[PDB]
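One structure below.
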Amino acid sequence: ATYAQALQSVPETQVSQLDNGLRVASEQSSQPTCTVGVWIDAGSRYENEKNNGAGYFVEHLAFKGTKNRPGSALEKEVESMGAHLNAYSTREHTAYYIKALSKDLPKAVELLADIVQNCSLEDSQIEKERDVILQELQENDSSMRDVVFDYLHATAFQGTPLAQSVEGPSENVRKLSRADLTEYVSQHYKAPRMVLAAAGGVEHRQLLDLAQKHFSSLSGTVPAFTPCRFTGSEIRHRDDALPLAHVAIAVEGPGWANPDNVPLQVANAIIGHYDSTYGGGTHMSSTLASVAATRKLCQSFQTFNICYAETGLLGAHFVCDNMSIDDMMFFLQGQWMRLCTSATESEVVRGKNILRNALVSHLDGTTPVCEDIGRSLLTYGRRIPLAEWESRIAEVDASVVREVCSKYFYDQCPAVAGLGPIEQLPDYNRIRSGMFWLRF
Amino acid sequence: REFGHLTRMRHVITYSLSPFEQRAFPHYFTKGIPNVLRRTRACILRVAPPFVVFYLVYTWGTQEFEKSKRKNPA
């Protein structure tokens with residue numbers, strides 16, 4: 001194959017639906033292991049200030065027992081077959097999945113339906129998980145990146161439910177009752193909002209029969225989603241006891257289904273990423289990475305394209321000592337401007353190659369493919385094939401990158417989060433002025 | 001003295017808005033006028049009396065000086 005025949009030879013995601021509206025999607029291989037999961041259109045952005053944290057609490061109680069499998073029994077079953085049960089929650093999505101052997105798919109599927117359908121939500125377990133969730137909140141406080149991105153979401157989407165954190169404030173953790181959680185599950189764990197994905201040695205017809213045997217009870221065939229205003233704003237938490245400062249800056253980027261995402265991702269690949277444990281250092285094609293390695297300006301920087309249904313965070317996060325924040329801002333915004341006005345074809349080619357490599361390398365293993373299927377059916381209503389992603393990347397050039405980075409970056413108000421010894425984090429007006437060029 | 005090495009500061013959070021998200025003259029009169037009146041009552045008895053004394057002294061000196069150039073019958 002020539003990577004054009006290899007893309008054309010990738011197995012096809014097969015999608016069906018139950019009468020209740022539960023979608024069933026699978027990518028089959030010849031591997032002897034599979035990943036099967038449920039992805040739900042439920043998150044913190046669906047929570048208000050009183051219920052905020054309920055979804056994380058329900059994820060916490062997910063494996064602690066159902067009416068059929070009390071307490072540890074479920075875990076025992078999973079552990080007794082060599083399978084791995086995992087879960088996660090975001091501001092928009094929730095997922096419960098099993099990594100099992102291909103011959104364990106029936107039981108795995110059964111284990112999932114029970115988990116999403118019949119969680120006990122027992123009050124004793126609710127108190128134990130209350131204690132656990134409080135300790136995990138204090139554990140999350142120690143992670144400067146998690147805090148700085150929660151801050152970025154809180155100031156960018158202030159007044160909206162997208163500013164909410166996934167876990168909610170600790171006061172809600174202490175106040176959430178069983179009635180709160182049962183209401184959350186009854187309003188958000190619905191078949192039309194769920195996707196049963198499976199990647200690996202899984203036949204779609206057999207998975208569909210399993211879903212019709214285990215999920216057909218679910219809601220047949222309503223509060224959901226209001227848009228979230230973006231705000232140019234800054235939140236600076238100064239703690240000079242912290243050794244390194246974290247700075248996250250983002251403009252309003254596109255939502256999930258916007259084609260602008262493909263050129264913008266290309267542009268982010270042009271800026272790239274860095275940390276001080278890199279081989280390439282000063283020789284890196286990314287200008288910011290080479291300046292950061294030559295001057296030791298930062299410990300790391302990453303570009304990001306966070307997407308929600310209708311908006312997102314397009315920007316960069318960097319970590320540096322107190323005396324270099326300013327420099328890190330100057331060279332980062334400059335790169336943004338250099339892309340808006342003078343993108344240049346060869347680095348667009350490099351960024352396109354980086355994006356194709358990221359997309360292909362990410363989908364390695366049954367679990368990434370299962371997540372791709374579930375999250376893709378939630379965000380696009382479809383699994384976009386890699387051949388299509390390649391078609392969209394192939395139609396990117398320096399004119400396209402210049403135009404889209406102009407549309408999203410140039411002369412736009414960013415949202416800014418600073419955490420730590422951030423006295424040298426530039427004043428908001430100085431950053432905002434760094435978002436345009438007078439020469440241009 | 002440069003930004004980044006001025007002091008130690010801890011546990012202080014600041015929230016700011018973009019200038020393009022907010023107004024430049026919000027409540028400029030409904031709040032500004034009471035503030036000017038408050039700032040005027042706060043200082044008026046510290047500033048005004050010396051200038052009242054100057055007005056009186058100036059008034060007296062001028063009228064007296066001009067009261068000396070007048071002919072006194074003699």
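Just so we're on the same page: first chain in the structure tokens is A, next is B, and so on; residues restart at 1 for each chain, and ligands are numbered from 1 in the order they show up.
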For the interface of chain A with chain B (cut-off 12 Å, counting only C-alpha atoms), please tabulate each contacting residue of chain A alongside its nearest pair of atoms and their separation in Å to one decimal, rows sorted by chain and increasing number, as CSV.
residue,atom,partner,partner_atom,distance
A:151,CA,B:15,CA,10.6
A:152,CA,B:15,CA,11.6
A:154,CA,B:15,CA,10.7
A:155,CA,B:15,CA,8.2
A:156,CA,B:17,CA,10.2
A:158,CA,B:17,CA,10.7
A:229,CA,B:21,CA,11.4
A:230,CA,B:21,CA,10.1
A:231,CA,B:21,CA,7.2
A:232,CA,B:18,CA,5.2
A:233,CA,B:17,CA,4.4
A:234,CA,B:16,CA,5.3
A:235,CA,B:15,CA,4.8
A:236,CA,B:14,CA,5.2
A:237,CA,B:13,CA,4.3
A:238,CA,B:10,CA,5.5
A:239,CA,B:10,CA,4.3
A:240,CA,B:8,CA,5.8
A:241,CA,B:10,CA,7.3
A:242,CA,B:10,CA,9.5
A:245,CA,B:4,CA,11.0
A:320,CA,B:4,CA,12.0
A:321,CA,B:4,CA,9.4
A:322,CA,B:4,CA,5.8
A:323,CA,B:4,CA,5.5
A:324,CA,B:4,CA,8.5
A:325,CA,B:4,CA,8.6
A:326,CA,B:4,CA,9.2
A:327,CA,B:4,CA,11.7
A:411,CA,B:20,CA,10.9
A:412,CA,B:20,CA,9.6
A:413,CA,B:18,CA,6.8
A:414,CA,B:18,CA,8.3
A:415,CA,B:18,CA,8.7
A:416,CA,B:16,CA,9.7
A:417,CA,B:15,CA,9.8
A:418,CA,B:13,CA,9.5
A:419,CA,B:13,CA,9.2
A:420,CA,B:10,CA,8.5
A:421,CA,B:4,CA,7.7
A:422,CA,B:4,CA,7.0
A:423,CA,B:4,CA,4.8
A:424,CA,B:4,CA,4.3
A:425,CA,B:4,CA,7.9
A:426,CA,B:3,CA,8.8
A:427,CA,B:16,CA,10.0
A:428,CA,B:18,CA,7.4
A:429,CA,B:18,CA,7.8
A:430,CA,B:18,CA,11.2
A:431,CA,B:18,CA,10.4
A:432,CA,B:18,CA,8.2
A:433,CA,B:18,CA,11.3
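Non-sequential neighbours of residue A:18 (distance at most 10 Å, separation of 3 or more positions within a chain, only C-alpha atoms) are residues 21, 22, 23, 24, 191, 192, 208, 209, 211, 212, 215, 216, 218, 220 and 221 of chain A.
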Atom CA of residue A:275 to atom CA of residue A:295, distance in Å rounded to a single decimal: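 Computed distance, atom CA of residue A:275 to atom CA of residue A:295, equals 12.7 Å.
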DSSP strand (DSSP E or B) selection over chain B, as a PyMOL selection string: chain B and resi 10-17
Restricting the output to N, CA, C and O atoms, write the selected residues as a short mmCIF file (atom, residue, chain, number, x, y, z; two decimals), in the first residue's frame.
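Result file again_34.cif:
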data_model
loop_
_atom_site.label_atom_id
_atom_site.label_comp_id
_atom_site.auth_asym_id
_atom_site.auth_seq_id
_atom_site.Cartn_x
_atom_site.Cartn_y
_atom_site.Cartn_z
N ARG B 10 0.93 36.05 47.87
CA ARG B 10 0.33 34.72 47.95
C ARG B 10 -1.17 34.84 48.15
O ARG B 10 -1.65 35.79 48.78
N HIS B 11 -1.90 33.87 47.60
CA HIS B 11 -3.33 33.67 47.84
C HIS B 11 -4.18 34.84 47.38
O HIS B 11 -5.28 35.04 47.91
N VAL B 12 -3.72 35.61 46.41
CA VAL B 12 -4.48 36.73 45.88
C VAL B 12 -4.87 36.40 44.45
O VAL B 12 -4.01 36.13 43.60
N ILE B 13 -6.17 36.43 44.18
CA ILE B 13 -6.73 36.18 42.86
C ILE B 13 -7.26 37.50 42.33
O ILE B 13 -7.87 38.28 43.08
N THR B 14 -7.02 37.76 41.05
CA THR B 14 -7.60 38.93 40.42
C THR B 14 -8.42 38.50 39.21
O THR B 14 -7.99 37.63 38.45
N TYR B 15 -9.59 39.10 39.07
CA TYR B 15 -10.46 38.88 37.93
C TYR B 15 -10.57 40.18 37.15
O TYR B 15 -10.85 41.23 37.74
N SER B 16 -10.33 40.12 35.85
CA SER B 16 -10.43 41.29 34.99
C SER B 16 -11.18 40.94 33.73
O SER B 16 -11.26 39.77 33.32
N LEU B 17 -11.73 41.97 33.10
CA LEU B 17 -12.45 41.87 31.84
C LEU B 17 -11.64 42.53 30.74
O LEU B 17 -10.81 43.41 30.98
#
Nearest to residue A:64, chosen from A:122, A:79, A:47, A:139, with only C-alpha atoms counted in the distances: A:122
Within 12 Å of residue A:129 using only C-alpha atoms, minus same-chain residues under 5 positions, as an MDAnalysis selection string: chainID A and resid 54 56:64 121:124 134:137 173:174 176:178
Could you save the residues just selected, with N, CA and C atoms, as a PDB file, in the first residue's frame?
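And here's result-v2.pdb as it stands now:
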ATOM      1  N   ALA A  54     -22.677  16.258  39.966  1.00  0.00           N
ATOM      2  CA  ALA A  54     -23.477  15.041  40.073  1.00  0.00           C
ATOM      3  C   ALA A  54     -23.008  13.969  39.097  1.00  0.00           C
ATOM      4  N   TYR A  56     -19.918  13.457  37.874  1.00  0.00           N
ATOM      5  CA  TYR A  56     -18.696  12.878  38.419  1.00  0.00           C
ATOM      6  C   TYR A  56     -19.003  11.956  39.593  1.00  0.00           C
ATOM      7  N   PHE A  57     -19.971  12.338  40.426  1.00  0.00           N
ATOM      8  CA  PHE A  57     -20.399  11.498  41.540  1.00  0.00           C
ATOM      9  C   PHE A  57     -21.012  10.191  41.049  1.00  0.00           C
ATOM     10  N   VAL A  58     -21.793  10.252  39.968  1.00  0.00           N
ATOM     11  CA  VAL A  58     -22.415   9.053  39.413  1.00  0.00           C
ATOM     12  C   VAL A  58     -21.360   8.147  38.788  1.00  0.00           C
ATOM     13  N   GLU A  59     -20.377   8.737  38.103  1.00  0.00           N
ATOM     14  CA  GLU A  59     -19.242   7.961  37.611  1.00  0.00           C
ATOM     15  C   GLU A  59     -18.497   7.302  38.765  1.00  0.00           C
ATOM     16  N   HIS A  60     -18.393   8.003  39.896  1.00  0.00           N
ATOM     17  CA  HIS A  60     -17.740   7.448  41.075  1.00  0.00           C
ATOM     18  C   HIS A  60     -18.467   6.218  41.597  1.00  0.00           C
ATOM     19  N   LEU A  61     -19.795   6.241  41.570  1.00  0.00           N
ATOM     20  CA  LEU A  61     -20.615   5.156  42.087  1.00  0.00           C
ATOM     21  C   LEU A  61     -20.910   4.087  41.049  1.00  0.00           C
ATOM     22  N   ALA A  62     -20.367   4.219  39.838  1.00  0.00           N
ATOM     23  CA  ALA A  62     -20.785   3.368  38.729  1.00  0.00           C
ATOM     24  C   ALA A  62     -20.474   1.902  38.997  1.00  0.00           C
ATOM     25  N   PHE A  63     -19.250   1.606  39.426  1.00  0.00           N
ATOM     26  CA  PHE A  63     -18.815   0.228  39.607  1.00  0.00           C
ATOM     27  C   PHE A  63     -18.985  -0.271  41.034  1.00  0.00           C
ATOM     28  N   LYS A  64     -19.527   0.550  41.932  1.00  0.00           N
ATOM     29  CA  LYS A  64     -19.692   0.181  43.331  1.00  0.00           C
ATOM     30  C   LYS A  64     -20.952  -0.637  43.590  1.00  0.00           C
ATOM     31  N   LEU A 121     -26.757   3.313  43.560  1.00  0.00           N
ATOM     32  CA  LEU A 121     -26.757   4.642  44.169  1.00  0.00           C
ATOM     33  C   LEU A 121     -27.142   4.555  45.645  1.00  0.00           C
ATOM     34  N   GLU A 122     -26.460   3.670  46.368  1.00  0.00           N
ATOM     35  CA  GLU A 122     -26.780   3.427  47.767  1.00  0.00           C
ATOM     36  C   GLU A 122     -26.189   4.519  48.650  1.00  0.00           C
ATOM     37  N   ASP A 123     -26.970   4.958  49.643  1.00  0.00           N
ATOM     38  CA  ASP A 123     -26.612   6.143  50.420  1.00  0.00           C
ATOM     39  C   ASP A 123     -25.314   5.946  51.193  1.00  0.00           C
ATOM     40  N   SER A 124     -25.103   4.752  51.748  1.00  0.00           N
ATOM     41  CA  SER A 124     -23.840   4.472  52.424  1.00  0.00           C
ATOM     42  C   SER A 124     -22.668   4.650  51.469  1.00  0.00           C
ATOM     43  N   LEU A 134     -13.957  14.371  48.004  1.00  0.00           N
ATOM     44  CA  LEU A 134     -13.283  15.501  48.646  1.00  0.00           C
ATOM     45  C   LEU A 134     -11.763  15.324  48.636  1.00  0.00           C
ATOM     46  N   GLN A 135     -11.282  14.119  48.972  1.00  0.00           N
ATOM     47  CA  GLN A 135      -9.835  13.902  48.925  1.00  0.00           C
ATOM     48  C   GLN A 135      -9.295  14.045  47.505  1.00  0.00           C
ATOM     49  N   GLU A 136     -10.064  13.613  46.504  1.00  0.00           N
ATOM     50  CA  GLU A 136      -9.603  13.748  45.127  1.00  0.00           C
ATOM     51  C   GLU A 136      -9.614  15.199  44.671  1.00  0.00           C
ATOM     52  N   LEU A 137     -10.528  16.011  45.202  1.00  0.00           N
ATOM     53  CA  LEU A 137     -10.482  17.447  44.944  1.00  0.00           C
ATOM     54  C   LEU A 137      -9.185  18.049  45.460  1.00  0.00           C
ATOM     55  N   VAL A 173     -20.364  18.807  46.494  1.00  0.00           N
ATOM     56  CA  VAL A 173     -19.948  17.454  46.849  1.00  0.00           C
ATOM     57  C   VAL A 173     -20.513  17.075  48.207  1.00  0.00           C
ATOM     58  N   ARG A 174     -20.423  17.988  49.174  1.00  0.00           N
ATOM     59  CA  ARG A 174     -20.981  17.713  50.490  1.00  0.00           C
ATOM     60  C   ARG A 174     -22.503  17.698  50.495  1.00  0.00           C
ATOM     61  N   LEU A 176     -24.745  16.991  47.690  1.00  0.00           N
ATOM     62  CA  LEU A 176     -25.466  16.129  46.758  1.00  0.00           C
ATOM     63  C   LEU A 176     -26.052  14.923  47.483  1.00  0.00           C
ATOM     64  N   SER A 177     -27.328  14.658  47.233  1.00  0.00           N
ATOM     65  CA  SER A 177     -28.055  13.563  47.856  1.00  0.00           C
ATOM     66  C   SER A 177     -28.292  12.453  46.842  1.00  0.00           C
ATOM     67  N   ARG A 178     -28.880  11.352  47.322  1.00  0.00           N
ATOM     68  CA  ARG A 178     -29.265  10.280  46.412  1.00  0.00           C
ATOM     69  C   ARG A 178     -30.316  10.756  45.419  1.00  0.00           C
TER      70      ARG A 178
END
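Reported to one decimal place, the separation of atom CA of residue A:355 from atom CA of residue A:89 is 25.7 Å.
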Residue list (alpha helix (DSSP H), DSSP) for chain B, as an MDAnalysis selection string: chainID B and resid 32:68
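Residues surrounding residue A:74 within 12 Å are residues 62, 63, 64, 65, 66, 67, 68, 80, 81, 83, 84, 85, 107, 108, 110, 111, 112, 114, 115, 119 and 120 of chain A [only C-alpha atoms; sequence separation below 6 positions excluded].
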With N, CA, C and O atoms retained, write the just-selected residues as a JSON list (two decimals), in the first residue's frame.
[["chain", "number", "residue", "atom", "x", "y", "z"],
["A", 62, "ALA", "N", -20.37, 4.22, 39.84],
["A", 62, "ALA", "CA", -20.78, 3.37, 38.73],
["A", 62, "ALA", "C", -20.47, 1.90, 39.00],
["A", 62, "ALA", "O", -21.34, 1.03, 38.82],
["A", 63, "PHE", "N", -19.25, 1.61, 39.43],
["A", 63, "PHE", "CA", -18.81, 0.23, 39.61],
["A", 63, "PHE", "C", -18.98, -0.27, 41.03],
["A", 63, "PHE", "O", -18.63, -1.42, 41.32],
["A", 64, "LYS", "N", -19.53, 0.55, 41.93],
["A", 64, "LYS", "CA", -19.69, 0.18, 43.33],
["A", 64, "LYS", "C", -20.95, -0.64, 43.59],
["A", 64, "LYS", "O", -21.34, -0.79, 44.75],
["A", 65, "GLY", "N", -21.60, -1.15, 42.55],
["A", 65, "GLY", "CA", -22.71, -2.06, 42.74],
["A", 65, "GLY", "C", -23.98, -1.71, 42.00],
["A", 65, "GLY", "O", -24.39, -0.55, 41.95],
["A", 66, "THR", "N", -24.61, -2.72, 41.42],
["A", 66, "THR", "CA", -25.93, -2.58, 40.82],
["A", 66, "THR", "C", -26.89, -3.54, 41.52],
["A", 66, "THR", "O", -26.47, -4.38, 42.32],
["A", 67, "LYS", "N", -28.18, -3.38, 41.24],
["A", 67, "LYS", "CA", -29.19, -4.22, 41.88],
["A", 67, "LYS", "C", -28.97, -5.69, 41.59],
["A", 67, "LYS", "O", -29.38, -6.55, 42.38],
["A", 68, "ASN", "N", -28.33, -6.02, 40.47],
["A", 68, "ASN", "CA", -28.02, -7.40, 40.13],
["A", 68, "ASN", "C", -26.66, -7.82, 40.69],
["A", 68, "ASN", "O", -26.51, -8.96, 41.15],
["A", 80, "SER", "N", -12.35, -11.38, 37.24],
["A", 80, "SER", "CA", -12.21, -12.82, 37.08],
["A", 80, "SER", "C", -12.05, -13.23, 35.63],
["A", 80, "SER", "O", -11.75, -14.40, 35.36],
["A", 81, "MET", "N", -12.22, -12.30, 34.68],
["A", 81, "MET", "CA", -12.01, -12.63, 33.27],
["A", 81, "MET", "C", -10.80, -11.94, 32.66],
["A", 81, "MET", "O", -10.53, -12.14, 31.47],
["A", 83, "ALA", "N", -10.52, -8.67, 32.34],
["A", 83, "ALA", "CA", -10.98, -7.45, 31.71],
["A", 83, "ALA", "C", -10.62, -6.23, 32.56],
["A", 83, "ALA", "O", -10.26, -6.34, 33.73],
["A", 84, "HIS", "N", -10.73, -5.05, 31.95],
["A", 84, "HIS", "CA", -10.41, -3.80, 32.63],
["A", 84, "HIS", "C", -11.56, -2.82, 32.44],
["A", 84, "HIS", "O", -11.90, -2.46, 31.31],
["A", 85, "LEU", "N", -12.13, -2.38, 33.56],
["A", 85, "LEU", "CA", -13.25, -1.44, 33.58],
["A", 85, "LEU", "C", -12.71, -0.04, 33.84],
["A", 85, "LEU", "O", -12.00, 0.18, 34.83],
["A", 107, "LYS", "N", -20.70, -10.93, 27.98],
["A", 107, "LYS", "CA", -20.66, -10.54, 29.38],
["A", 107, "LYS", "C", -20.28, -9.07, 29.53],
["A", 107, "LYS", "O", -20.98, -8.32, 30.22],
["A", 108, "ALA", "N", -19.22, -8.65, 28.84],
["A", 108, "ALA", "CA", -18.85, -7.24, 28.87],
["A", 108, "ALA", "C", -20.04, -6.36, 28.52],
["A", 108, "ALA", "O", -20.38, -5.44, 29.27],
["A", 110, "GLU", "N", -23.21, -7.09, 28.67],
["A", 110, "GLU", "CA", -24.14, -7.19, 29.78],
["A", 110, "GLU", "C", -23.67, -6.33, 30.93],
["A", 110, "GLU", "O", -24.42, -5.49, 31.44],
["A", 111, "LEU", "N", -22.38, -6.44, 31.28],
["A", 111, "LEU", "CA", -21.86, -5.68, 32.41],
["A", 111, "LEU", "C", -22.05, -4.19, 32.19],
["A", 111, "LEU", "O", -22.30, -3.45, 33.15],
["A", 112, "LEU", "N", -21.98, -3.73, 30.94],
["A", 112, "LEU", "CA", -22.15, -2.31, 30.70],
["A", 112, "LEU", "C", -23.60, -1.89, 30.86],
["A", 112, "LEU", "O", -23.89, -0.87, 31.49],
["A", 114, "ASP", "N", -26.19, -3.13, 32.59],
["A", 114, "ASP", "CA", -26.40, -3.05, 34.03],
["A", 114, "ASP", "C", -25.80, -1.77, 34.61],
["A", 114, "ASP", "O", -26.51, -1.00, 35.27],
["A", 115, "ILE", "N", -24.53, -1.50, 34.31],
["A", 115, "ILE", "CA", -23.86, -0.36, 34.95],
["A", 115, "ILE", "C", -24.58, 0.94, 34.60],
["A", 115, "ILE", "O", -24.82, 1.78, 35.48],
["A", 119, "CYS", "N", -27.50, 1.14, 38.32],
["A", 119, "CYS", "CA", -26.62, 1.53, 39.42],
["A", 119, "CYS", "C", -27.42, 1.69, 40.71],
["A", 119, "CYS", "O", -28.49, 2.30, 40.73],
["A", 120, "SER", "N", -26.89, 1.11, 41.79],
["A", 120, "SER", "CA", -27.61, 1.08, 43.06],
["A", 120, "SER", "C", -27.79, 2.48, 43.64],
["A", 120, "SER", "O", -28.87, 2.80, 44.16]]
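In this structure, atom CA of residue B:38 sits 21.8 Å away from atom CA of residue B:24.
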Counting only C-alpha atoms, the option among A:171, A:371, A:131, A:347 closest to residue A:86: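 Looking at the shortest contact to residue A:86, the residue is A:371.
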